[PDB]
Amino acid sequence: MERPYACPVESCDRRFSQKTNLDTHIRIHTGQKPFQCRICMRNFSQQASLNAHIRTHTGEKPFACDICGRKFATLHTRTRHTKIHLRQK
DNA sequence: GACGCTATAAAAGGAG
DNA sequence: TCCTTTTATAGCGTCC
Ligand SMILES: [Zn+2]
Ligand SMILES: [Zn+2]
Ligand SMILES: [Zn+2]
């Protein structure tokens, strides 16, 4: 089976191949946020979101644009940005 | 128009 | 496999 682990909430019913990913997903239903920022004590649903968040404190911007070389704290922001060099206003 | 930021999904790494 | 960590995608909010 491609994606064995199914979500128990009948409304959702999203599928995952890895069990961790299902557990992480069920958390959006339970509202459990096990990842805590040790600076402001805010809780996050994922390690990824906590890590992206820690950068807002440290000011680190590890994502650079290939075209203009401008820096960004997150991958999405960087990727979405790159698309402005391909069009006008 | 742009982008800072959180959410969420999906994949991958590593150890036993 | 279980658990950790990384990579990809979707909006919201706000200032310009
Ligand atoms: Zn669900
Ligand atoms: Zn914090
Ligand atoms: Zn650029």
Side-chain angles (χ1 to χ4, degrees):
Chain A
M1 206 177 309
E2 192 197 344
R3 299 184 303 182
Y5 309 93
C7 180
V9 184
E10 205 215 80
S11 353
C12 169
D13 237 27
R14 184 174 293 276
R15 285 76 192 315
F16 311 89
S17 51
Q18 301 191 37
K19 183 184 168 292
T20 321
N21 297 343
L22 163 66
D23 297 332
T24 294
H25 168 72
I26 287 175
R27 265 192 255 108
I28 81 171
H29 291 302
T30 54
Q32 293 156 338
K33 306 168 186 184
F35 299 84
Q36 183 185 52
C37 175
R38 297 258 100 202
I39 306 320
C40 69
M41 310 307 274
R42 187 186 178 169
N43 300 308
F44 293 85
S45 53
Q46 295 193 17
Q47 166 102 277
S49 48
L50 165 63
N51 286 171
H53 166 83
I54 292 169
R55 300 183 193 125
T56 72
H57 291 310
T58 70
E60 187 203 20
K61 297 189 170 196
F63 304 93
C65 174
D66 250 333
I67 305 173
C68 68
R70 186 183 154 147
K71 262 71 76 174
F72 305 90
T74 67
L75 171 68
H76 184 59
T77 305
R78 197 280 307 283
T79 296
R80 179 183 57 197
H81 159 83
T82 301
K83 301 183 173 192
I84 69 170
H85 302 292
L86 316 179
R87 60 139 213 283
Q88 296 292 144
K89 283 176 169 170

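Side chains are part of it too, since the values below use all heavy atoms of this structure and drop only hydrogens, waters and symmetry mates. By convention in this document, chain letters (A, B, ...) are assigned in the order of the sequence lines, proteins followed by strands, and residues within each chain are numbered from 1.
Under the 4.5 angstrom side-chain criterion for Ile, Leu, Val, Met, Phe, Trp and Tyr, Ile84(A) has no cluster partners at all. Other members of the cluster containing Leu22(A) are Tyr5(A), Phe16(A), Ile26(A), with ILVMFWY side chains joined at under 4.5 Å, either directly or via other members. Using a 4.5 Å cut-off between side-chain heavy atoms of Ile, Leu, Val, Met, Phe, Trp and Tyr, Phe44(A) falls into a hydrophobic cluster with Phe35(A), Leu50(A), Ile54(A).
Between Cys12(A) and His25(A) there is a side-chain heavy-atom pair separated by less than 4.5 Å.
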Taking distance alone, no hydrogens or angles, what donor-acceptor pairs closer than 3.5 Å link side-chain atoms of residues 69-76 of chain A to residues at least two apart or in another chain?
from, atom 1, to, atom 2, distance (Å)
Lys71(A), NZ, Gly69(A), O, 3.3
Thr74(A), OG1, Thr77(A), OG1, 2.8

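In this structure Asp23(A) satisfies the side chain to side chain donor-acceptor pair (under 3.5 Å) test together with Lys19(A), sequence neighbours excluded. For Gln32(A), the side chain to side chain donor-acceptor pair (under 3.5 Å) partners are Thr30(A), not counting sequence neighbours. Applying the side chain to side chain donor-acceptor pair (under 3.5 Å) test to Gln36(A) and every residue at least two apart in sequence or in another chain returns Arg38(A). In this structure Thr24(A) satisfies the side chain to side chain donor-acceptor pair (under 3.5 Å) test together with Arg27(A), sequence neighbours excluded.
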Checklist entry - What does nucleotides 8-16 of chain B look like as a protein-contact string, B for base, S for sugar-phosphate only, - for none, at under 4.0 angstrom between heavy atoms? => result BBBBB----
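Rounded to a whole Å, the CD1 atom of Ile84(A) is 9 Å from the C1' atom of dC3(B). To the nearest angstrom, P of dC3(C) lies 7 Å from NZ of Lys19(A). Straight-line distance from the CG atom of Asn51(A) to the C1' atom of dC5(B): 14 Å, rounded to whole Å. Between the CZ atom of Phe35(A) and the P atom of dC3(C) there is a distance of 12 Å, rounded to whole Å. Put simply, CG on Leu86(A) is 12 Å from P on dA2(B), counting in whole angstrom units. Atom CZ of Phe72(A) is separated from atom P of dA8(C) by 17 Å (rounded to the nearest Å).
Where the helix from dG1(B)-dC15(C) to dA15(B)-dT1(C) starts and where it ends, the local axes point in directions that differ by 20°; five pairs per end, rounded to 10°.
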Between the protein and nucleotides 10-16 of chain C, list every N/O to N/O distance that falls short of 3.5 Å.
from, atom 1, to, atom 2, distance (Å)
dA10(C), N7, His76(A), NE2, 3.2
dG11(C), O6, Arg80(A), NH1, 3.0

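For residues 56-68 of chain A, the pairs satisfying side chain to side chain donor-acceptor pair (under 3.5 Å) are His53(A)-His57(A), with sequence neighbours left out.
Heavy atoms of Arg78(A) sit nowhere under 4.0 angstrom from any nucleic acid atom.
Closest to the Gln47(A) side chain, of the nucleotides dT7(C), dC3(B), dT6(C), is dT6(C). Closest approach to the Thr74(A) side chain among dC5(B), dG4(B), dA2(B) is made by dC5(B) (side chain taken as heavy atoms from C-beta onward).
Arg42(A) has a side-chain polar atom (N or O) that falls below the 4.0 Å cut-off from OP1 or OP2 of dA7(B).
Without hydrogens or angle criteria, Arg78(A) side chain to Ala64(A) main chain gives a donor-acceptor distance under 3.5 Å.
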